[PDB]
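A.B. asks: what's the 3D shape of this:
(7 chains)
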Amino acid sequence: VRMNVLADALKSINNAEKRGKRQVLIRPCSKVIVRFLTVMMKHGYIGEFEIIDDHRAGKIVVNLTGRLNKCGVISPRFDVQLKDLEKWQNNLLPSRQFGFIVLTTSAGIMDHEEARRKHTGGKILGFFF
Amino acid sequence: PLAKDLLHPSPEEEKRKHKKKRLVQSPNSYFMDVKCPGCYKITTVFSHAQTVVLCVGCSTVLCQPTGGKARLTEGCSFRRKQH
Amino acid sequence: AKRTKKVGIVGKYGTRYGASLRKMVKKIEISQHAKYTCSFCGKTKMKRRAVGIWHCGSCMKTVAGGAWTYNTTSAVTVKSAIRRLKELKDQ
Amino acid sequence: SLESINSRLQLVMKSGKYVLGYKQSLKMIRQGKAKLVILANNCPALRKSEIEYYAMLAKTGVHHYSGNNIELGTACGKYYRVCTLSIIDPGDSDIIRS
Amino acid sequence: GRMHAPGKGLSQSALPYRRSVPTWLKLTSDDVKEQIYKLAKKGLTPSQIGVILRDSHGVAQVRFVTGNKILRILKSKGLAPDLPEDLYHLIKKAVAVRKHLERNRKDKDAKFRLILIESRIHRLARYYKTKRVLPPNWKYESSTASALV
RNA sequence: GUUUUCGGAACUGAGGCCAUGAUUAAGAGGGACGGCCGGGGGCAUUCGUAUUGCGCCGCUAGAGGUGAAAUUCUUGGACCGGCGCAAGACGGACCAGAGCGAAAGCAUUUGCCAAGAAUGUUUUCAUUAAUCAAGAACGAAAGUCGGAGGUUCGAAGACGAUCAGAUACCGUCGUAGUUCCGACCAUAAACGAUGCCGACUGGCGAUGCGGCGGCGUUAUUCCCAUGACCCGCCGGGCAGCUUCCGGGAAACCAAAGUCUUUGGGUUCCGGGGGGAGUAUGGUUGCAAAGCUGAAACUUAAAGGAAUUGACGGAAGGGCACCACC
RNA sequence: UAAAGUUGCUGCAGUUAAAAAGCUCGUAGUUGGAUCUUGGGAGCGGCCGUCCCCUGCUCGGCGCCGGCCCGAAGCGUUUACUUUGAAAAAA
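C.D. replies: Residues are numbered from 1 along each chain as shown, chains lettered A, B, ... in the order given. What follows is the structure:
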């Protein structure tokens, strides 16, 4: 069944972006999903998103723009040090200018460049550009 | 059609979407305040009762189960209410 | 322990009489020696006395059954056939 | 119509007061304590007619059972076969209301 | 997506949003709890209790009139059945098949249906074992099961 | 000597107190219940012509079968017409790009037995799940073992033709078999040549079951309510159409898409062509055979899709006395 | 060894080119829904950035009039993960 809940969320908002919809619906809403979309919120990759808290696992209606190229997800959550993060963005991002690898660390959920300030590392969720 | 207002759907079609496929999953069943002419008291029965209920004092059957909505016995008076 | 592999009750014939004959008596040797549930008392005490008769050592009620089995298959279709003709001969 | 009886006997077993066995139940008829008698179909014919005579004088109902005495033990939830049965107190089972 | 069928159906209840008591329900917590007791002493599974309660007395959810659900009310007093009702009705179905399988031993489909029951019985056994509502020495056996209705 | 004030340790008794202790009920699952639905399954039972045989009756010399004939039947009366009886198969037409079932597969009526999807649900349990080495159930036809039965058909074989030859196609007979019961066997182009679970991504008209709503029409009859139609909607079910979604070597594909912008979960499995699913060893089997399964050697291709030609004892048009009539 | 994305973890293919077990059940294995702490404040620059905090319970000195501050020791679900440190033979 639905093993990875973030994965079926990211590919859902990726298909609607390729087709070109204005706002897509995601069936589950976890803590990891909101901490993912808000990473794309700050970089200006999706429009203003809002969730609906029902008395079950929530749903989300994100707002889309024409900016996102792809928001794929890495599976499973691999261990990522700091001596190999540049060995991950070497083969997972288009170029050194744009594109991000969101990764979870003990500080929280943030992109790969934010972790260079805090010098910390952790598991990897996905990536968008 | 790309732009749809998924936030605030229109209630003429919201009643069309499935009970689990609504934006907030809500049932399509209800209750009502029934009374048979074979009595005068007021009871409350489901709309999909799936079991037979008689009145007090063995007066007259109140509903009959079906595959969907419970068939309200004819001649009876009822008033659909909610919470 | 499981003493023999496939030759069951008919391991008493050792190596004699050939595989096939030993095999097709095994389905009969087993059945004729088995104790059945006496349908009159419920106890599993129906034991073949001689060829044809079956004695229940709970009621001492003898039954003229089959030769190796308690009920031959060709007898139970007849009893069901009789039970159907009887009820139609007179309604 | 049998599974109602099978559900009823089960409810008598956990709640009601029942008495298993021919000799024990014949002691219950003769005191006027028993309220229903159950007899398997493979009961001995003299006993079957003896119980029905006794209960006829004690004015006790006899529900002649369908299956045999082996499965009546499994009906009563026991691993020994039973040939007669008497329900002294129905407990909260509506087995005699039918 | 059923687990012993190729059907991928979708048909079940959808509880309403509001988790409060119905505004027309003039029954109290104790009165509901003693209503469950009346069904409990006369014999009725936790599922069927919630049925007849939402048809005659008209409770939305006993979880919303009382702070508990049906089985937790019966286990609190001692009216709860020993082995669970889903395991009960699977056993009640497995012994019904084998009895039919006793006279129809050419019915190869009923043999295939019985293994699907046995697969679902031996799955619910090792689940309830981990939840300790069944003792770890409890093991399902086909011949002896006919007693446990 | 002695108990305690004393620190420490253990145990029993009364309590006071906690905001006194249980997240939600998955467009995850099991289970209950409701009215259904269905060539799903088993047991029994019933019916229908037909076929073949037999009997009687009628009238008669041919009948069969073939491209053409013959083998074969026939005045001992064949074939054909009538009336019956008997036997074993079979379940036409209705019958569908309809349903059901895990797949193989499943169609006279009726009864029984147990099972099931889907829908409906403000019922219950509360993560019980998904995929699965090993292992287990079922598995067409053929083949095998016992019985029972053996109409039609028909491997083998026998003949009659055809033919240069035909131990082949055609024809006449015809054994095992085809049928049932009980045991084996476990393979099929068992094909949708397409693992299962999950999500997402165009519409369109139909269809099948269930549910909801709606003018009217038509049955009950005496209305409501249930049927039959009609108009929509929802669930999932077999499918089709449609297109620059997208992909693909292409044929084609709403999945074979969401694939260098490569990662949802998970089994099985392929590595140029032969040698070869062979040898061998193990192992299952009554056997036939199945499962597991090499190498030596040899070879530069084998293959997939598509295009143009030529070709066809392929089709449809047309034409020529170096073609025919 | 690279070429070899022709051993494919990164990164192969399995409708027809080699190729999904006939089908289902199933144990190890593998993988598993959501759900339990955020925000407010003080410091400064041109609404934001950064520091800081929501730790508890014996022994000695900036001292003060039992009580306050401060330095020092220990305890306060555990692993995975991550960063820091140590420890790490040369060649």
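A.B. asks: got the phi/psi numbers for residue D:97?
C.D. replies: Phi and psi for residue D:97, reported as degrees, to the nearest 10, are phi -70, psi -20.
A.B. asks: Near it, how many other residues are there?
C.D. replies: Per other Cβ atoms under 10 Å in any protein chain shown, the neighbour tally for residue D:97 reads 7. The way it works is simple: take the backbone N, C-alpha and C, and place the C-beta from them, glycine included.
A.B. asks: go on, residue B:67?
C.D. replies: For residue B:67, using other Cβ under 10 Å, the count is 7.
A.B. asks: same deal with residue E:60?
C.D. replies: Residues contacting residue E:60 under the criterion other Cβ under 10 Å number 21.
A.B. asks: leaving aside the residues next to it on the chain, what's closest to it?
C.D. replies: Computed as Cβ to Cβ, 6 or more residues apart in numbering or on different chains, the closest residue to residue E:60 that is not its neighbour in sequence is residue E:22, at 5.1 Å.
A.B. asks: quick one: contacts of the lengthiest strand in chain D?
C.D. replies: Longest strand in chain D, counting residues (DSSP state E): strand D:84-89. For strand D:84-89, the surrounding residues in contact (Cβ atoms under 8 Å, 6 or more residues apart in numbering or on different chains) are D:12, D:16-22, D:24-25, D:28-29, D:33-40, D:43, D:47, D:51, D:60, D:72, D:76, D:95-96.
A.B. asks: One more: stretch E:56-72?
C.D. replies: For stretch E:56-72, the external contacting residues (Cβ under 8 Å, 6+ apart) are B:31, B:43-46, B:53, B:83, E:15-16, E:19-22, E:24-25, E:27-29, E:32-33, E:35-36, E:46, E:49-50, E:53-54, E:73, E:76, E:80.
A.B. asks: List buried residues within those.
C.D. replies: Buried by 16 or more other Cβ atoms under 10 Å in any protein chain shown: B:31, B:43-46, B:53, E:16, E:21-22, E:25, E:32-33, E:35-36, E:46, E:49-50, E:53-54, E:73, E:80, out of the contacts of stretch E:56-72.
A.B. asks: Which of those residues fall in helices?
C.D. replies: When those are checked against helices (DSSP state H), the matches are E:32, E:33, E:35, E:36, E:46, E:49, E:50, E:73.
A.B. asks: I figured the third one hits residue E:54, correct?
C.D. replies: No. No contact is recorded between residue E:35 and residue E:54 when judged using Cβ atoms under 8 Å, the distance being 11.7 Å.
A.B. asks: Would you confirm that the residue nearest to residue E:60 contacts residue B:31?
C.D. replies: Yes. In this structure, residue E:22 is within contact of residue B:31 by Cβ under 8 Å, at 7.4 Å.
A.B. asks: How many residues are close by residue 78?
C.D. replies: The chain I'm using is chain A. Residue A:78 has 12 neighbours, counted by other Cβ under 10 Å.
A.B. asks: wait, I meant chain D there
C.D. replies: Residue D:78: 13 surrounding residues under other Cβ under 10 Å.
A.B. asks: Contact partners for it?
C.D. replies: Going by Cβ under 8 Å, 6+ apart, residue D:78 touches D:20, E:147.
A.B. asks: Tell me the secondary structure of it, please.
C.D. replies: In the three-state summary, residue D:78 is assigned as coil, counting by DSSP: H, G, I helix; E, B strand; the rest coil.
A.B. asks: how close does residue C:49 sit to residue B:63?
C.D. replies: Separation of residue C:49 from residue B:63 (Cβ to Cβ, to the nearest Å): 64 Å.
A.B. asks: Counting neighbours, go ahead and name the busier of those two.
C.D. replies: Neighbour comparison, residue C:49 and residue B:63: the larger count goes to residue B:63, with 25 against 11 (by other Cβ under 10 Å).
A.B. asks: partners of the helix or strand the more buried one falls within in the sheet?
C.D. replies: Per DSSP states H and E, residue B:63 falls inside strand B:61-64. Under the criterion DSSP bridges, strand B:61-64 sits next to strand B:53-54 (antiparallel), strand B:71-72 (antiparallel) in its sheet.
A.B. asks: can these go into JSON lines with extra columns for distance to RNA strand G?
C.D. replies: Shown next, in JSON lines, are those (distance: least, Cβ to the nearest atom of the strand, whole Å):
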{"stretch": "strand B:53-54", "distance to RNA strand G": "34"}
{"stretch": "strand B:71-72", "distance to RNA strand G": "36"}
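A.B. asks: out of those strands, deepest packed?
C.D. replies: Compared across these, strand B:53-54 shows the largest average neighbour count, a mean of 16 (mean count of other Cβ atoms under 10 Å in any protein chain shown).
A.B. asks: now that one, how far from the centre of its chain.
C.D. replies: Centre-to-centre, strand B:53-54 and its host chain are 17 Å apart (Cα atoms, centre = their mean, to the nearest Å).
A.B. asks: what does it contact?
C.D. replies: With Cβ under 8 Å, 6+ apart as the contact definition, strand B:53-54 has outside contacts at B:43, B:45, B:60, B:61, B:62, B:63, E:55, E:56.
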